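Read through the structure below, which is laid out as structure tokens, and then see the notes.
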Amino acid sequence: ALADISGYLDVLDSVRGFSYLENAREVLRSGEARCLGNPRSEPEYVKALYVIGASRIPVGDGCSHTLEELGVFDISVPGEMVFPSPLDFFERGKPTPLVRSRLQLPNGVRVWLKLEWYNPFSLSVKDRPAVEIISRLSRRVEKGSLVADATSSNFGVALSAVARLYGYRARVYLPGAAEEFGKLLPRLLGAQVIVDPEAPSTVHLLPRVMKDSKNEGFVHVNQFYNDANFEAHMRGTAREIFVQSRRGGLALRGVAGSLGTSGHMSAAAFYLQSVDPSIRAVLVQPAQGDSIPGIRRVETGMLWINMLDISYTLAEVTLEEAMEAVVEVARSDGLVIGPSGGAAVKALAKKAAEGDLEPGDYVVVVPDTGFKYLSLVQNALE
Ligand SMILES: *Cc1c(COP(=O)(O)O)cnc(C)c1O
């Protein structure tokens, strides 16, 4: 029998750890879930269903229900694109678009771009963890409280917009090298902004955010460590690649993407590899010395890609190579992608060129729009 899951979402407070992901993996591999006699008594199984994008839970005795029955494949988007509010628009206006590029890669690799700037608040993939993280807080943290994090630009914007829609104040901290939209847009949205001209990176700022959290008592939402980041991308981003691959009739052989917190590419890899362990994850390694906004190298410390049972292959990509790929996608597709998006296309093109990849459909996650990076675009033109 089916029950609406939204009545059981307190498992999102109480379940801790990654062991519930074993249930997620098995449900996704088999395409079905067993009925719970007493759903309340199995909170890891319930959380596993939520995280894979179920909206209904299987209830009763000895029965089972398919992904489809459980709502993994429900259509959420109103056909006419009318929404009663911004947050409802965020939530129901999904999937983000999956668009086949006209670029051809060697060796039968066909490229589809998932365009994460189709998110209403930060015009980036960061809307998703910001909504999941603030929503998780909202039953436990008093309205009017301050929330804060370190950000490279996007999450700070997403966080400021969402905190404010939920009745919180926000503070964002940025390194000096962050884009200007990141330093300015959060103030437009009512947040306080602290810029550290000395910080050589975003994670460099975390000790300072933690120390101020202890003194001032704000909630440090820590997108680098908060499992709600990875979980947002499981029930959103990753579920979408899966359902979009099926309904689109793609022959999905892999996904490609970049790594900041590692939240969205861990979810994409974990979720798809649960369905078919041979699906590749091709991930960008910014070349040493280079700065590609929003992303960084794996050995600088990333939670989910490291702790989860995920296969992937790395590819080094210089800033200059990322920007060359921005230029090529622009002139092929009329789509203006961000540097991190250019880096991921480049990473996939490299793996294609080396003969490493099967022919088929590959999905590249494009974190944001290139309109936000005019002076990198200028440098790339020369
Ligand atoms: C956050 C971000 C990324 C990387 O997503 P992570 O999920 O946090 O692994 C890539 N590019 C840009 C522009 C981003 O803001």
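Every residue number used here counts from 1 along the chain in the order it is shown.
Placement of Cβ uses the backbone N, Cα and C atoms for every residue, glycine included.
Swiss-Prot annotations:
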MOD_RES   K126  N6-(pyridoxal phosphate)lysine
BINDING   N154, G260, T261, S262, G263, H264, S340  pyridoxal 5'-phosphate binding site
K126 (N6-(pyridoxal phosphate)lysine) and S340 (pyridoxal 5'-phosphate binding site), distance between Cα atoms, whole Å:
13
If I take the alpha carbons of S262 (pyridoxal 5'-phosphate binding site) and the residue listed as 'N6-(pyridoxal phosphate)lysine', what is the distance between them in whole Å?
12
Determine, for the pyridoxal 5'-phosphate site, the additional residues of the same chain whose CB lies within 8 Å of the mean position of the CB atoms of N154, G260, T261, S262, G263, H264, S340; present them in sequence order.
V125, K126, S258, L259, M265, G294, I295, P367
What does DSSP say about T261 (pyridoxal 5'-phosphate binding site): helix, strand or coil?
coil
Relative to the Cβ of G260 (pyridoxal 5'-phosphate binding site), which residues of the same chain, six or more apart in sequence, are found under 8 Å away?
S152, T202, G294, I295, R296, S340, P367
Farthest-apart CA atoms of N154, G260, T261, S262, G263, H264, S340, residues recorded for pyridoxal 5'-phosphate, distance in Å:
14
Using other CB atoms within 10 angstroms as the count, which residue among the binding-site residues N154, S340 scores least?
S340
According to DSSP, does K126 (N6-(pyridoxal phosphate)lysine) fall in a helix, a strand, or coil?
coil
Tell me, how many other CB atoms lie within 10 A of the CB of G263 (pyridoxal 5'-phosphate binding site), whichever protein chain they belong to?
31
Using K126 (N6-(pyridoxal phosphate)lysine) as the reference point, find which of the binding-site residues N154, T261, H264 has the shortest Cα-to-Cα distance to it.
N154
Across all the protein chains here, work out how many other Cβ atoms are within 10 Å of the Cβ of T261 (pyridoxal 5'-phosphate binding site).
29
Within the chain of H264 (pyridoxal 5'-phosphate binding site), which residues six or more apart in sequence place their C-beta under 8 angstroms from its C-beta?
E116, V125, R128, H233, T237, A238, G257, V365, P367
Fewest-neighbour residue among recorded positions, criterion Cβ within 10 Å, set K126, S262:
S262
